[PDB]
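Structure file data-v3.pdb; described as PDB, N, CA, C and O atoms and all ligand atoms.
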```pdb
ATOM      1  N   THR A   1      12.258 -13.179 -13.490
ATOM      2  CA  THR A   1      13.400 -12.398 -13.076
ATOM      3  C   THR A   1      13.365 -11.033 -13.726
ATOM      4  O   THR A   1      12.600 -10.811 -14.657
ATOM      5  N   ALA A   2      14.125 -10.108 -13.200
ATOM      6  CA  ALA A   2      14.217  -8.807 -13.785
ATOM      7  C   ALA A   2      15.107  -8.866 -15.012
ATOM      8  O   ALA A   2      15.980  -9.748 -15.136
ATOM      9  N   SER A   3      14.880  -7.970 -15.896
ATOM     10  CA  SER A   3      15.530  -7.938 -17.175
ATOM     11  C   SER A   3      16.598  -6.855 -17.224
ATOM     12  O   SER A   3      16.516  -5.846 -16.508
ATOM     13  N   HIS A   4      17.587  -7.063 -18.061
ATOM     14  CA  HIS A   4      18.694  -6.142 -18.209
ATOM     15  C   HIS A   4      18.175  -4.878 -18.878
ATOM     16  O   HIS A   4      17.555  -4.954 -19.932
ATOM     17  N   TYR A   5      18.372  -3.750 -18.213
ATOM     18  CA  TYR A   5      17.912  -2.424 -18.661
ATOM     19  C   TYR A   5      16.437  -2.221 -18.404
ATOM     20  O   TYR A   5      15.864  -1.206 -18.795
ATOM     21  N   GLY A   6      15.847  -3.159 -17.717
ATOM     22  CA  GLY A   6      14.482  -3.041 -17.333
ATOM     23  C   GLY A   6      14.402  -2.673 -15.880
ATOM     24  O   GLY A   6      15.426  -2.744 -15.162
ATOM     25  N   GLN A   7      13.236  -2.276 -15.433
ATOM     26  CA  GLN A   7      13.035  -1.908 -14.049
ATOM     27  C   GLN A   7      13.107  -3.155 -13.185
ATOM     28  O   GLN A   7      12.457  -4.147 -13.474
ATOM     29  N   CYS A   8      13.929  -3.113 -12.175
ATOM     30  CA  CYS A   8      14.101  -4.253 -11.302
ATOM     31  C   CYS A   8      13.388  -4.082  -9.985
ATOM     32  O   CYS A   8      12.809  -5.008  -9.483
ATOM     33  N   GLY A   9      13.406  -2.895  -9.428
ATOM     34  CA  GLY A   9      12.830  -2.744  -8.126
ATOM     35  C   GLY A   9      12.676  -1.330  -7.704
ATOM     36  O   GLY A   9      13.465  -0.822  -6.915
ATOM     37  N   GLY A  10      11.698  -0.681  -8.242
ATOM     38  CA  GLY A  10      11.415   0.661  -7.845
ATOM     39  C   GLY A  10      10.191   0.683  -6.980
ATOM     40  O   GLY A  10       9.506  -0.350  -6.858
ATOM     41  N   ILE A  11       9.915   1.805  -6.366
ATOM     42  CA  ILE A  11       8.728   1.946  -5.544
ATOM     43  C   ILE A  11       7.493   1.872  -6.435
ATOM     44  O   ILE A  11       7.334   2.679  -7.357
ATOM     45  N   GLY A  12       6.654   0.899  -6.181
ATOM     46  CA  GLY A  12       5.468   0.712  -6.975
ATOM     47  C   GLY A  12       5.612  -0.468  -7.896
ATOM     48  O   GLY A  12       4.625  -1.005  -8.404
ATOM     49  N   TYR A  13       6.834  -0.899  -8.097
ATOM     50  CA  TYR A  13       7.091  -2.015  -8.960
ATOM     51  C   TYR A  13       6.927  -3.297  -8.165
ATOM     52  O   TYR A  13       7.755  -3.633  -7.318
ATOM     53  N   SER A  14       5.845  -3.977  -8.425
ATOM     54  CA  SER A  14       5.498  -5.204  -7.751
ATOM     55  C   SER A  14       5.977  -6.427  -8.539
ATOM     56  O   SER A  14       5.716  -7.582  -8.153
ATOM     57  N   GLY A  15       6.698  -6.164  -9.620
ATOM     58  CA  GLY A  15       7.186  -7.211 -10.477
ATOM     59  C   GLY A  15       8.386  -7.920  -9.904
ATOM     60  O   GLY A  15       8.736  -7.731  -8.723
ATOM     61  N   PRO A  16       9.022  -8.752 -10.717
ATOM     62  CA  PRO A  16      10.237  -9.472 -10.347
ATOM     63  C   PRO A  16      11.369  -8.518  -9.973
ATOM     64  O   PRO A  16      11.851  -7.746 -10.811
ATOM     65  N   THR A  17      11.764  -8.559  -8.731
ATOM     66  CA  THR A  17      12.805  -7.705  -8.230
ATOM     67  C   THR A  17      14.163  -8.389  -8.284
ATOM     68  O   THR A  17      15.211  -7.736  -8.200
ATOM     69  N   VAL A  18      14.148  -9.697  -8.424
ATOM     70  CA  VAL A  18      15.365 -10.463  -8.513
ATOM     71  C   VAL A  18      15.793 -10.544  -9.973
ATOM     72  O   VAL A  18      15.039 -11.016 -10.825
ATOM     73  N   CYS A  19      16.966 -10.055 -10.255
ATOM     74  CA  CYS A  19      17.504 -10.023 -11.600
ATOM     75  C   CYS A  19      17.937 -11.384 -12.122
ATOM     76  O   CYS A  19      18.025 -12.378 -11.375
ATOM     77  N   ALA A  20      18.183 -11.414 -13.412
ATOM     78  CA  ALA A  20      18.671 -12.574 -14.097
ATOM     79  C   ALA A  20      20.166 -12.709 -13.812
ATOM     80  O   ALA A  20      20.802 -11.752 -13.330
ATOM     81  N   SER A  21      20.721 -13.854 -14.096
ATOM     82  CA  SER A  21      22.121 -14.094 -13.854
ATOM     83  C   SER A  21      22.977 -13.186 -14.738
ATOM     84  O   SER A  21      22.800 -13.149 -15.963
ATOM     85  N   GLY A  22      23.843 -12.426 -14.112
ATOM     86  CA  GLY A  22      24.723 -11.560 -14.838
ATOM     87  C   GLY A  22      24.277 -10.123 -14.792
ATOM     88  O   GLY A  22      24.937  -9.245 -15.365
ATOM     89  N   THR A  23      23.180  -9.867 -14.116
ATOM     90  CA  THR A  23      22.642  -8.530 -14.027
ATOM     91  C   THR A  23      22.387  -8.155 -12.565
ATOM     92  O   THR A  23      22.146  -9.040 -11.730
ATOM     93  N   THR A  24      22.468  -6.871 -12.238
ATOM     94  CA  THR A  24      22.266  -6.431 -10.870
ATOM     95  C   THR A  24      21.273  -5.282 -10.791
ATOM     96  O   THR A  24      21.308  -4.359 -11.611
ATOM     97  N   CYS A  25      20.395  -5.337  -9.817
ATOM     98  CA  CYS A  25      19.403  -4.309  -9.627
ATOM     99  C   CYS A  25      20.065  -3.076  -9.051
ATOM    100  O   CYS A  25      20.623  -3.112  -7.938
ATOM    101  N   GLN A  26      20.070  -2.011  -9.811
ATOM    102  CA  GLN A  26      20.670  -0.798  -9.394
ATOM    103  C   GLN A  26      19.667   0.336  -9.395
ATOM    104  O   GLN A  26      19.083   0.674 -10.426
ATOM    105  N   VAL A  27      19.439   0.881  -8.226
ATOM    106  CA  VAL A  27      18.509   1.974  -8.033
ATOM    107  C   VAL A  27      19.088   3.247  -8.643
ATOM    108  O   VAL A  27      20.163   3.721  -8.225
ATOM    109  N   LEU A  28      18.407   3.768  -9.643
ATOM    110  CA  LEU A  28      18.855   4.975 -10.324
ATOM    111  C   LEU A  28      18.120   6.163  -9.750
ATOM    112  O   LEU A  28      18.675   7.241  -9.564
ATOM    113  N   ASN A  29      16.863   5.950  -9.492
ATOM    114  CA  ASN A  29      15.984   6.926  -8.898
ATOM    115  C   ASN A  29      15.174   6.157  -7.889
ATOM    116  O   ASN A  29      15.148   4.940  -7.982
ATOM    117  N   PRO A  30      14.475   6.797  -6.931
ATOM    118  CA  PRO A  30      13.739   6.050  -5.916
ATOM    119  C   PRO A  30      12.632   5.195  -6.526
ATOM    120  O   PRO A  30      12.326   4.106  -6.039
ATOM    121  N   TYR A  31      12.043   5.666  -7.603
ATOM    122  CA  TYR A  31      11.008   4.897  -8.222
ATOM    123  C   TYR A  31      11.539   4.088  -9.406
ATOM    124  O   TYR A  31      10.984   3.042  -9.742
ATOM    125  N   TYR A  32      12.602   4.546 -10.036
ATOM    126  CA  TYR A  32      13.181   3.781 -11.120
ATOM    127  C   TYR A  32      14.481   3.083 -10.721
ATOM    128  O   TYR A  32      15.508   3.733 -10.505
ATOM    129  N   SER A  33      14.461   1.793 -10.704
ATOM    130  CA  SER A  33      15.655   1.027 -10.464
ATOM    131  C   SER A  33      15.844   0.151 -11.675
ATOM    132  O   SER A  33      14.890  -0.500 -12.103
ATOM    133  N   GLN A  34      17.023   0.136 -12.231
ATOM    134  CA  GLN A  34      17.249  -0.556 -13.477
ATOM    135  C   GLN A  34      18.201  -1.705 -13.245
ATOM    136  O   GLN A  34      19.139  -1.588 -12.453
ATOM    137  N   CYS A  35      17.957  -2.815 -13.882
ATOM    138  CA  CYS A  35      18.842  -3.926 -13.723
ATOM    139  C   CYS A  35      19.968  -3.821 -14.717
ATOM    140  O   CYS A  35      19.763  -3.909 -15.934
ATOM    141  N   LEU A  36      21.124  -3.610 -14.215
ATOM    142  CA  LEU A  36      22.291  -3.476 -15.004
ATOM    143  C   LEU A  36      23.226  -4.580 -14.606
ATOM    144  O   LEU A  36      23.918  -4.458 -13.577
TER     145      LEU A  36
HETATM  146  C1  LIG B   1      12.354  -6.600 -18.511
HETATM  147  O1  LIG B   1      11.615  -7.848 -18.578
HETATM  148  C2  LIG B   1      11.115  -8.314 -17.294
HETATM  149  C3  LIG B   1      10.433  -9.644 -17.533
HETATM  150  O2  LIG B   1      11.304 -10.544 -18.221
HETATM  151  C4  LIG B   1      10.187  -7.256 -16.697
HETATM  152  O3  LIG B   1       9.677  -7.671 -15.448
HETATM  153  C5  LIG B   1      10.945  -5.951 -16.539
HETATM  154  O4  LIG B   1      10.093  -4.967 -15.956
HETATM  155  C6  LIG B   1      11.437  -5.496 -17.924
HETATM  156  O5  LIG B   1      10.309  -5.300 -18.772
END
```
Show me the file's structure as structure tokens.
Amino acid sequence: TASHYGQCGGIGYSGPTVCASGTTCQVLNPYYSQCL
């Protein structure tokens, strides 16, 4: 799962896009999306 304050789903990020319970993937920039 994506981590809190970690990148959740940006362009190029092939990692876990689904956040952990209690956190939400929020796109801050097109390439940087942070799980808050
Ligand atoms: C927070 O941790 C997760 C794995 O638990 C990463 O995928 C994420 O990019 C960030 O390092």
Selection near residue 16 of chain A, 7 Å with only N, CA, C and O atoms, sequence-local residues under 6 positions removed, as number ranges by chain: A: 1-3, 7-9
Separation of atom O of residue 11 of chain A from atom CA of residue 36 of chain A in Å: 17.9 Å
Picked from chain A by DSSP as strand (DSSP E), as a PyMOL selection string: chain A and resi 25-27+33-35
Counting all atoms listed in the file, I want the residues whose atoms come within 8 Å of (21.4, -4.8, -10.5) in the file frame, returned as a JSON list (two decimals) with N, CA, C and O atoms, in the frame of the given file.
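So the final result, stored in point36.json, reads:
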```json
[["chain", "number", "residue", "atom", "x", "y", "z"],
["A", 3, "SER", "N", 14.88, -7.97, -15.90],
["A", 3, "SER", "CA", 15.53, -7.94, -17.18],
["A", 3, "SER", "C", 16.60, -6.86, -17.22],
["A", 3, "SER", "O", 16.52, -5.85, -16.51],
["A", 6, "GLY", "N", 15.85, -3.16, -17.72],
["A", 6, "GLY", "CA", 14.48, -3.04, -17.33],
["A", 6, "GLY", "C", 14.40, -2.67, -15.88],
["A", 6, "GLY", "O", 15.43, -2.74, -15.16],
["A", 8, "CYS", "N", 13.93, -3.11, -12.18],
["A", 8, "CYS", "CA", 14.10, -4.25, -11.30],
["A", 8, "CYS", "C", 13.39, -4.08, -9.98],
["A", 8, "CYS", "O", 12.81, -5.01, -9.48],
["A", 17, "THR", "N", 11.76, -8.56, -8.73],
["A", 17, "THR", "CA", 12.80, -7.70, -8.23],
["A", 17, "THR", "C", 14.16, -8.39, -8.28],
["A", 17, "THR", "O", 15.21, -7.74, -8.20],
["A", 19, "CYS", "N", 16.97, -10.06, -10.26],
["A", 19, "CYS", "CA", 17.50, -10.02, -11.60],
["A", 19, "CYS", "C", 17.94, -11.38, -12.12],
["A", 19, "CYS", "O", 18.02, -12.38, -11.38],
["A", 20, "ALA", "N", 18.18, -11.41, -13.41],
["A", 20, "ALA", "CA", 18.67, -12.57, -14.10],
["A", 20, "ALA", "C", 20.17, -12.71, -13.81],
["A", 20, "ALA", "O", 20.80, -11.75, -13.33],
["A", 22, "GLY", "N", 23.84, -12.43, -14.11],
["A", 22, "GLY", "CA", 24.72, -11.56, -14.84],
["A", 22, "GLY", "C", 24.28, -10.12, -14.79],
["A", 22, "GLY", "O", 24.94, -9.24, -15.36],
["A", 23, "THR", "N", 23.18, -9.87, -14.12],
["A", 23, "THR", "CA", 22.64, -8.53, -14.03],
["A", 23, "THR", "C", 22.39, -8.15, -12.56],
["A", 23, "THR", "O", 22.15, -9.04, -11.73],
["A", 24, "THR", "N", 22.47, -6.87, -12.24],
["A", 24, "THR", "CA", 22.27, -6.43, -10.87],
["A", 24, "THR", "C", 21.27, -5.28, -10.79],
["A", 24, "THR", "O", 21.31, -4.36, -11.61],
["A", 25, "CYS", "N", 20.40, -5.34, -9.82],
["A", 25, "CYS", "CA", 19.40, -4.31, -9.63],
["A", 25, "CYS", "C", 20.07, -3.08, -9.05],
["A", 25, "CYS", "O", 20.62, -3.11, -7.94],
["A", 26, "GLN", "N", 20.07, -2.01, -9.81],
["A", 26, "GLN", "CA", 20.67, -0.80, -9.39],
["A", 26, "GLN", "C", 19.67, 0.34, -9.40],
["A", 26, "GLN", "O", 19.08, 0.67, -10.43],
["A", 27, "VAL", "N", 19.44, 0.88, -8.23],
["A", 27, "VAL", "CA", 18.51, 1.97, -8.03],
["A", 27, "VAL", "C", 19.09, 3.25, -8.64],
["A", 27, "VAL", "O", 20.16, 3.72, -8.22],
["A", 33, "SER", "N", 14.46, 1.79, -10.70],
["A", 33, "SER", "CA", 15.66, 1.03, -10.46],
["A", 33, "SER", "C", 15.84, 0.15, -11.68],
["A", 33, "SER", "O", 14.89, -0.50, -12.10],
["A", 34, "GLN", "N", 17.02, 0.14, -12.23],
["A", 34, "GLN", "CA", 17.25, -0.56, -13.48],
["A", 34, "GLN", "C", 18.20, -1.70, -13.24],
["A", 34, "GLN", "O", 19.14, -1.59, -12.45],
["A", 35, "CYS", "N", 17.96, -2.82, -13.88],
["A", 35, "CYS", "CA", 18.84, -3.93, -13.72],
["A", 35, "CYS", "C", 19.97, -3.82, -14.72],
["A", 35, "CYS", "O", 19.76, -3.91, -15.93],
["A", 36, "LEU", "N", 21.12, -3.61, -14.22],
["A", 36, "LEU", "CA", 22.29, -3.48, -15.00],
["A", 36, "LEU", "C", 23.23, -4.58, -14.61],
["A", 36, "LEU", "O", 23.92, -4.46, -13.58]]
```
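Checking A:21, A:29, A:4, A:10 one by one against ligand LIG 1 (chain B), counting all atoms listed in the file, you find the shortest gap at A:4.
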Distance in Å - atom O of residue 12 of chain A versus atom CA of residue 28 of chain A: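 The value is 15.6 Å.
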Box time for ligand LIG 1 (chain B): axis-aligned, enclosing all its listed atoms, 6 Å extra on each side; report centre and edge lengths in Å to one decimal, as AutoDock Vina command-line options.
```
--center_x 11.0 --center_y -7.8 --center_z -17.1 --size_x 14.7 --size_y 17.6 --size_z 15.3
```
Separation of atom O of residue 30 of chain A from atom CA of residue 13 of chain A in Å: 8.6 Å
